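Visitor: Coordinates in data-v4.txt, compact mmCIF, C-alpha atoms, are listed below.
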# COMPACT_ATOMS: atom_id res chain seq x y z
CA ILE A 240 -9.52 -10.53 -123.12
CA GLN A 241 -7.26 -13.40 -122.04
CA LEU A 242 -9.84 -15.97 -123.18
CA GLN A 243 -10.17 -14.24 -126.56
CA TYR A 244 -6.39 -14.13 -126.97
CA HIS A 245 -6.09 -17.83 -126.10
CA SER A 246 -8.88 -18.70 -128.54
CA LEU A 247 -7.17 -16.68 -131.29
CA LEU A 248 -3.85 -18.40 -130.58
CA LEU A 249 -5.53 -21.82 -130.73
CA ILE A 250 -7.26 -20.88 -134.00
CA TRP A 251 -3.94 -19.76 -135.50
CA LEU A 252 -2.23 -22.96 -134.35
CA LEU A 253 -5.00 -25.04 -135.94
CA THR A 254 -4.80 -22.97 -139.15
CA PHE A 255 -1.03 -23.57 -139.27
CA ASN A 256 -1.87 -26.92 -140.88
CA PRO A 257 -3.19 -26.19 -144.41
CA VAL A 258 -5.80 -28.97 -144.28
CA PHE A 259 -7.26 -27.73 -141.00
CA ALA A 260 -7.24 -24.13 -142.24
CA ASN A 261 -9.05 -25.15 -145.44
CA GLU A 262 -11.61 -27.13 -143.44
CA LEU A 263 -12.23 -24.22 -141.06
CA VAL A 264 -12.50 -21.76 -143.97
CA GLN A 265 -15.74 -23.39 -145.13
CA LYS A 266 -16.91 -24.01 -141.55
CA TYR A 267 -17.69 -20.31 -141.01
CA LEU A 268 -17.68 -17.87 -143.92
CA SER A 269 -18.06 -14.94 -141.50
CA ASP A 270 -15.16 -16.09 -139.29
CA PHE A 271 -12.69 -13.90 -141.19
CA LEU A 272 -14.99 -10.87 -140.91
CA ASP A 273 -15.46 -11.49 -137.18
CA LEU A 274 -11.70 -11.80 -136.68
CA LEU A 275 -11.08 -8.57 -138.60
CA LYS A 276 -13.73 -6.75 -136.55
CA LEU A 277 -12.22 -8.06 -133.31
CA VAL A 278 -8.73 -6.99 -134.40
CA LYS A 279 -9.99 -3.51 -135.29
CA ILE A 280 -11.86 -3.18 -131.99
CA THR A 281 -9.08 -4.62 -129.82
CA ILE A 282 -6.10 -2.36 -129.12
CA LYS A 283 -3.79 -5.10 -127.80
CA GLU A 284 -0.79 -5.63 -130.07
CA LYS A 285 -0.60 -9.37 -129.36
CA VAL A 286 -4.30 -9.93 -130.07
CA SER A 287 -4.12 -7.92 -133.30
CA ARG A 288 -1.02 -9.83 -134.42
CA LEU A 289 -2.69 -13.17 -133.65
CA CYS A 290 -5.81 -12.15 -135.58
CA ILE A 291 -3.70 -11.00 -138.54
CA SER A 292 -1.77 -14.28 -138.54
CA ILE A 293 -5.01 -16.28 -138.38
CA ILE A 294 -6.49 -14.29 -141.27
CA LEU A 295 -3.33 -14.72 -143.35
CA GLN A 296 -3.22 -18.47 -142.64
CA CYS A 297 -6.71 -18.94 -144.10
CA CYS A 298 -5.66 -17.06 -147.26
CA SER A 299 -2.15 -18.54 -147.25
CA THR A 300 -1.03 -20.36 -150.39
CA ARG A 301 -0.48 -23.54 -148.36
CA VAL A 302 -4.22 -23.90 -147.74
CA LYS A 303 -6.29 -25.30 -150.59
CA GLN A 304 -8.16 -22.83 -152.82
CA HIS A 305 -6.09 -19.96 -151.45
CA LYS A 306 -6.98 -17.60 -154.30
CA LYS A 307 -10.68 -18.49 -154.11
CA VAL A 308 -10.71 -18.07 -150.32
CA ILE A 309 -8.95 -14.70 -150.56
CA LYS A 310 -11.36 -13.49 -153.25
CA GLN A 311 -14.39 -14.63 -151.24
CA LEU A 312 -13.07 -12.94 -148.09
CA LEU A 313 -12.39 -9.69 -149.96
CA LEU A 314 -15.83 -9.76 -151.60
CA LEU A 315 -17.80 -10.58 -148.45
CA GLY A 316 -15.95 -9.22 -145.41
CA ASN A 317 -14.41 -6.22 -147.20
CA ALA A 318 -10.91 -7.46 -146.42
CA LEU A 319 -9.28 -4.91 -148.74
CA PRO A 320 -10.82 -1.82 -147.05
CA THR A 321 -10.13 -3.12 -143.53
CA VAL A 322 -6.53 -3.91 -144.49
CA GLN A 323 -6.13 -0.46 -146.05
CA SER A 324 -7.48 1.17 -142.88
CA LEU A 325 -5.15 -0.93 -140.72
CA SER A 326 -2.15 0.01 -142.88
CA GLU A 327 -2.93 3.71 -142.45
CA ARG A 328 -3.21 3.22 -138.68
CA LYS A 329 0.06 3.05 -136.74
CA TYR A 330 0.86 -0.07 -134.71
CA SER A 331 3.51 -0.12 -131.99
CA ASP A 332 4.40 -3.78 -132.56
CA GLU A 333 6.78 -4.32 -135.47
CA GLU A 334 5.68 -7.91 -136.11
CA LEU A 335 2.02 -6.87 -136.06
CA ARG A 336 2.79 -4.02 -138.47
CA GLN A 337 4.59 -6.41 -140.83
CA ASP A 338 1.69 -8.88 -140.69
CA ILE A 339 -0.78 -6.07 -141.40
CA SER A 340 1.32 -4.90 -144.35
CA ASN A 341 1.49 -8.44 -145.75
CA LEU A 342 -2.28 -8.85 -145.35
CA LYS A 343 -2.87 -5.50 -147.08
CA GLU A 344 -0.60 -6.51 -149.96
CA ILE A 345 -2.42 -9.85 -150.31
CA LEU A 346 -5.81 -8.11 -150.26
CA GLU A 347 -4.68 -5.58 -152.88
CA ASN A 348 -3.37 -8.38 -155.10
CA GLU A 349 -6.65 -10.27 -154.75
CA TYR A 350 -8.72 -7.16 -155.50
CA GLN A 351 -6.58 -6.32 -158.54
CA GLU A 352 -7.98 -9.33 -160.41
CA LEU A 353 -11.47 -8.77 -159.00
CA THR A 354 -13.82 -6.08 -160.31
CA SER A 355 -17.09 -4.40 -159.40
CA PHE A 356 -18.97 -7.21 -161.17
CA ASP A 357 -17.53 -9.76 -158.74
CA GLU A 358 -18.57 -7.60 -155.78
CA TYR A 359 -22.09 -7.24 -157.19
CA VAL A 360 -22.32 -11.01 -157.75
CA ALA A 361 -21.15 -11.67 -154.18
CA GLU A 362 -23.68 -9.18 -152.81
CA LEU A 363 -26.47 -10.81 -154.82
CA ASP A 364 -25.43 -14.28 -153.61
CA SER A 365 -25.35 -13.07 -149.99
CA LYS A 366 -28.71 -11.28 -150.53
CA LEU A 367 -27.28 -8.17 -148.82
CA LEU A 368 -27.39 -4.73 -150.43
CA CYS A 369 -26.80 -1.40 -148.68
CA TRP A 370 -26.78 1.06 -151.61
CA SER A 371 -23.36 0.15 -153.00
CA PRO A 372 -21.50 2.62 -155.23
CA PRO A 373 -22.28 0.42 -158.26
CA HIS A 374 -26.02 0.87 -157.64
CA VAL A 375 -25.74 4.67 -157.83
CA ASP A 376 -23.14 4.61 -160.63
CA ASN A 377 -24.79 5.18 -164.01
CA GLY A 378 -21.68 4.01 -165.86
CA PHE A 379 -21.55 0.72 -163.94
CA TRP A 380 -25.20 0.01 -164.77
CA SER A 381 -24.63 0.94 -168.42
CA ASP A 382 -21.57 -1.34 -168.70
CA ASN A 383 -23.24 -4.18 -166.75
CA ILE A 384 -26.66 -4.11 -168.46
CA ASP A 385 -25.59 -6.78 -170.96
CA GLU A 386 -24.13 -8.92 -168.17
CA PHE A 387 -27.40 -8.71 -166.21
CA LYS A 388 -29.40 -9.90 -169.23
CA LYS A 389 -26.83 -12.58 -170.09
CA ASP A 390 -27.59 -16.28 -169.60
CA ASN A 391 -31.33 -15.79 -170.19
CA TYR A 392 -31.29 -12.87 -167.73
CA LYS A 393 -29.92 -14.98 -164.89
CA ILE A 394 -28.93 -11.88 -162.90
CA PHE A 395 -32.38 -10.37 -163.50
CA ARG A 396 -34.03 -13.58 -162.27
CA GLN A 397 -31.80 -13.59 -159.18
CA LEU A 398 -32.71 -9.96 -158.48
CA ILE A 399 -36.41 -10.78 -158.89
CA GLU A 400 -36.06 -13.69 -156.47
CA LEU A 401 -34.27 -11.45 -153.97
CA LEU A 402 -37.03 -8.84 -154.29
CA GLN A 403 -39.68 -11.52 -153.74
CA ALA A 404 -37.82 -12.77 -150.65
CA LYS A 405 -37.59 -9.21 -149.32
CA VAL A 406 -41.33 -8.76 -149.91
CA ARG A 407 -41.91 -11.98 -147.97
CA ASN A 408 -39.55 -10.61 -145.30
CA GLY A 409 -41.21 -7.17 -145.56
CA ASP A 410 -43.48 -8.04 -142.63
CA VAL A 411 -40.52 -7.57 -140.27
CA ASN A 412 -39.69 -4.28 -142.05
CA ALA A 413 -36.23 -4.11 -140.49
CA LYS A 414 -33.92 -1.23 -141.34
CA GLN A 415 -31.46 -3.55 -143.08
CA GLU A 416 -34.37 -5.33 -144.76
CA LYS A 417 -35.82 -1.98 -145.88
CA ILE A 418 -32.45 -0.89 -147.28
CA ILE A 419 -32.08 -4.20 -149.14
CA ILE A 420 -35.62 -3.86 -150.53
CA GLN A 421 -34.92 -0.30 -151.70
CA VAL A 422 -31.65 -1.38 -153.35
CA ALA A 423 -33.41 -4.27 -155.09
CA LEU A 424 -36.16 -1.93 -156.30
CA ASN A 425 -33.56 0.50 -157.66
CA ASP A 426 -31.76 -2.35 -159.43
CA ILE A 427 -35.04 -3.57 -160.92
CA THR A 428 -35.86 -0.04 -162.11
CA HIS A 429 -32.42 0.23 -163.73
CA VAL A 430 -32.78 -3.18 -165.39
CA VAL A 431 -36.20 -2.14 -166.68
CA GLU A 432 -35.05 1.23 -168.04
CA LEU A 433 -32.01 -0.34 -169.71
CA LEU A 434 -32.44 -3.58 -171.65
CA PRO A 435 -36.27 -3.41 -171.70
CA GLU A 436 -36.43 -7.12 -172.59
CA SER A 437 -35.91 -7.84 -168.88
CA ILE A 438 -39.21 -6.09 -168.08
CA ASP A 439 -41.22 -8.96 -169.58
CA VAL A 440 -39.16 -11.50 -167.61
CA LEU A 441 -39.71 -9.54 -164.39
CA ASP A 442 -43.46 -9.33 -165.06
CA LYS A 443 -43.59 -13.08 -165.71
CA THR A 444 -41.62 -13.76 -162.51
CA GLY A 445 -43.99 -11.61 -160.44
CA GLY A 446 -41.73 -8.57 -160.27
CA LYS A 447 -44.62 -6.22 -161.02
CA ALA A 448 -46.70 -7.87 -158.29
CA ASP A 449 -43.81 -7.49 -155.83
CA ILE A 450 -43.44 -3.81 -156.75
CA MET A 451 -47.19 -3.26 -156.30
CA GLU A 452 -47.08 -4.97 -152.90
CA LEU A 453 -44.09 -2.83 -151.88
CA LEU A 454 -46.04 0.27 -152.96
CA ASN A 455 -48.28 -0.25 -149.90
CA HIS A 456 -45.35 -0.71 -147.49
CA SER A 457 -45.41 1.35 -144.30
CA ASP A 458 -41.83 2.56 -144.78
CA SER A 459 -41.69 5.87 -146.64
CA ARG A 460 -38.43 5.03 -148.43
CA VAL A 461 -39.71 1.62 -149.57
CA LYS A 462 -42.96 3.17 -150.81
CA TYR A 463 -41.05 5.88 -152.69
CA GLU A 464 -38.76 3.29 -154.29
CA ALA A 465 -41.75 1.17 -155.33
CA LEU A 466 -43.48 4.24 -156.79
CA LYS A 467 -40.33 5.13 -158.74
CA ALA A 468 -40.11 1.56 -160.05
CA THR A 469 -43.77 1.65 -161.10
CA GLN A 470 -43.23 4.99 -162.86
CA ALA A 471 -40.22 3.54 -164.68
CA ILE A 472 -42.35 0.53 -165.61
CA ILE A 473 -45.48 2.07 -167.15
CA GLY A 474 -45.63 5.54 -165.61
CA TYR A 475 -44.21 8.83 -166.82
CA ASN B 5 -50.64 1.84 -159.77
CA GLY B 6 -54.21 1.77 -161.04
CA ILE B 7 -53.74 4.97 -163.05
CA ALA B 8 -50.50 3.61 -164.50
CA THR B 9 -52.27 0.36 -165.37
CA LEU B 10 -54.97 2.36 -167.16
CA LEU B 11 -52.21 4.24 -168.99
CA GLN B 12 -50.67 0.89 -169.92
CA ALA B 13 -54.09 -0.18 -171.21
CA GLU B 14 -54.16 2.98 -173.32
CA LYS B 15 -50.65 2.09 -174.51
CA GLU B 16 -51.91 -1.45 -175.13
CA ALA B 17 -54.82 0.06 -177.08
CA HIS B 18 -52.26 2.13 -178.98
CA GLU B 19 -50.25 -1.06 -179.47
CA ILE B 20 -53.46 -2.66 -180.75
CA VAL B 21 -53.90 0.45 -182.90
CA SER B 22 -50.27 -0.01 -183.95
CA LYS B 23 -51.20 -3.59 -184.85
CA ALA B 24 -54.32 -2.17 -186.51
CA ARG B 25 -52.01 0.16 -188.45
CA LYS B 26 -50.46 -2.95 -189.99
CA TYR B 27 -54.03 -4.15 -190.55
CA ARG B 28 -54.73 -0.73 -192.07
CA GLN B 29 -51.69 -1.33 -194.27
CA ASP B 30 -53.09 -4.81 -194.89
CA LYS B 31 -56.40 -3.11 -195.72
CA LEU B 32 -54.42 -0.80 -198.01
CA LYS B 33 -52.66 -3.89 -199.37
CA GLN B 34 -56.00 -4.84 -200.94
CA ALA B 35 -55.77 -1.62 -202.94
CA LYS B 36 -52.15 -2.55 -203.70
CA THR B 37 -53.39 -5.80 -205.23
CA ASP B 38 -55.91 -3.75 -207.22
CA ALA B 39 -53.08 -1.36 -208.14
CA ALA B 40 -50.98 -4.37 -209.16
CA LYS B 41 -53.97 -5.67 -211.12
CA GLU B 42 -54.29 -2.24 -212.73
CA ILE B 43 -50.62 -2.47 -213.69
CA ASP B 44 -51.33 -5.87 -215.25
CA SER B 45 -54.50 -4.44 -216.82
CA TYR B 46 -52.41 -1.75 -218.53
CA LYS B 47 -50.06 -4.47 -219.76
CA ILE B 48 -53.09 -6.51 -220.85
CA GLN B 49 -54.36 -3.52 -222.84
CA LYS B 50 -50.88 -3.14 -224.35
CA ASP B 51 -50.81 -6.89 -225.01
CA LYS B 52 -54.27 -6.68 -226.58
CA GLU B 53 -53.03 -3.91 -228.89
CA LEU B 54 -50.02 -6.09 -229.73
CA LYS B 55 -52.34 -9.07 -230.22
CA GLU B 56 -54.54 -7.02 -232.56
CA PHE B 57 -51.48 -6.07 -234.61
Could you render the structure from this file as structure tokens?

Guide:
Amino acid sequence: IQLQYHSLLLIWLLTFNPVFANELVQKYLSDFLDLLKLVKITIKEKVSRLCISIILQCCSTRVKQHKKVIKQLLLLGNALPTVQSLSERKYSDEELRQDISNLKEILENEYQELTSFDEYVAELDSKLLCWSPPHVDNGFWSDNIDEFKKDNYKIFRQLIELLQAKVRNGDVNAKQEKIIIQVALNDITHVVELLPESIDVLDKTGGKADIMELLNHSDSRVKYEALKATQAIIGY
Amino acid sequence: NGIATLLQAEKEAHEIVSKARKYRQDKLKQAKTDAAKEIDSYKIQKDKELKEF
């Protein structure tokens, strides 16, 4: 605990300089998420305050690309939900509570400009999908069908590439990998049902072959998702 | 699936039949040319009557 507190203090001191904070922001994209997880797990007021200060320094306006860094942190590490949970929780330290409130306000301001489309784009870029609310939201798919097919179906091509990578990674058949594969299959089925023009692009890019390969997967959920995608493709 | 692929082939055959429907319309377009020729033939008969007068 003492070593972790000293490391957090050193990180905050380094991040006090905007140039060093900006350099360390790109050094580890998951550093903010790890710091937030450590702050949530740790009950020490000093450690939580140091973690909050370190997180705020990375997203501070002094550091370069402060808005971009804050948006990326909120999209990847779920900074807004963690900050909202911390605000609801009661902290004995007044300085730690003030830092948590400031971080929550910054996260809310960053998320106000952002939308579900930005979160979906970040998830696609990170190649991580765990059945997000947008995947199960019919309205989101209906209002984002044109965006998916935009730029010569760039989003559809990215989804097809992610599905192909998951099929290549399907040998491991990990739980997270299986969930990602199922989410990708659901997204492909939605993009085939709506905007049918994307079906030809998916077939050209080997999406049908990937679905057929996933139909023989050992996992029951993956097989069911592949069967549903095949039914949406040419089936009833 | 294999059954779905066979169904797609039936749909493709229907799509070919849908293309053949245009060919059937194209086949019926030959009668349209004859019908258009018949329209001109009626005018030719009327013109011949006018020419005779």

Visitor: For chain B, report every residue with an atom at most 12 Å from chain A (counting only C-alpha atoms), formatted as an mmCIF file with C-alpha atoms, keeping the file's coordinate frame.

Guide:
data_model
loop_
_atom_site.group_PDB
_atom_site.id
_atom_site.type_symbol
_atom_site.label_atom_id
_atom_site.label_comp_id
_atom_site.auth_asym_id
_atom_site.auth_seq_id
_atom_site.Cartn_x
_atom_site.Cartn_y
_atom_site.Cartn_z
ATOM 1 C CA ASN B 5 -50.640 1.840 -159.770
ATOM 2 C CA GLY B 6 -54.210 1.770 -161.040
ATOM 3 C CA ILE B 7 -53.740 4.970 -163.050
ATOM 4 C CA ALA B 8 -50.500 3.610 -164.500
ATOM 5 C CA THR B 9 -52.270 0.360 -165.370
ATOM 6 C CA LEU B 10 -54.970 2.360 -167.160
ATOM 7 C CA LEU B 11 -52.210 4.240 -168.990
ATOM 8 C CA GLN B 12 -50.670 0.890 -169.920
ATOM 9 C CA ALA B 13 -54.090 -0.180 -171.210
ATOM 10 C CA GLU B 14 -54.160 2.980 -173.320
ATOM 11 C CA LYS B 15 -50.650 2.090 -174.510
ATOM 12 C CA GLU B 16 -51.910 -1.450 -175.130
#

Visitor: Just the residues within 9 Å of residue A:244, please, counting all atoms listed in the file, with nothing from its chain fewer than 5 positions along; format it as a list in words.

Guide: residues 249, 285, 286, 289 and 290 of chain A

Visitor: Identify the residues around (-40.7, -2.3, -159.3) within a radius of 12 Å, measuring from only C-alpha atoms in the coordinates stated by the file, and give them as a PyMOL selection string.

Guide: (chain A and resi 398-399+402-403+406+420-432+438+441-442+444-454+461-474) or (chain B and resi 5)

Visitor: In Å, rounded to a single decimal, give me how far atom CA of residue A:245 is from atom CA of residue A:288.

Guide: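 A separation of 12.6 Å between them.
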
Visitor: Between atom CA of residue A:303 and atom CA of residue A:266, measure the distance and give it in Å to one decimal.

Guide: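 Between these atoms lies a distance of 14.0 Å.
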
Visitor: Taking 6 positions as the minimum chain separation for residues in the same chain, which residues sit within 12 Å of residue A:292 when counting all atoms listed in the file? Answer as a ChimeraX atom specification.

Guide: /A:247-255,260,271,274-275,278,285-286,298-299,334-342

Visitor: Between atom CA of residue A:374 and atom CA of residue A:390, measure the distance and give it in Å to one decimal.

Guide: 21.0 Å

Visitor: Residues within 12 Å of residue A:360, please, as number ranges by chain. Count all atoms listed in the file; anything in the same chain fewer than 6 positions from it doesn't count.

Guide: A: 311, 314-315, 353-354, 366-368, 373, 383, 386-387, 393-395, 397-398

Visitor: Counting all atoms listed in the file, figure out which residue out of A:410, A:376, A:439, A:357 gets nearest to residue A:392.

Guide: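 Among the listed residues, A:439 lies closest to residue A:392.
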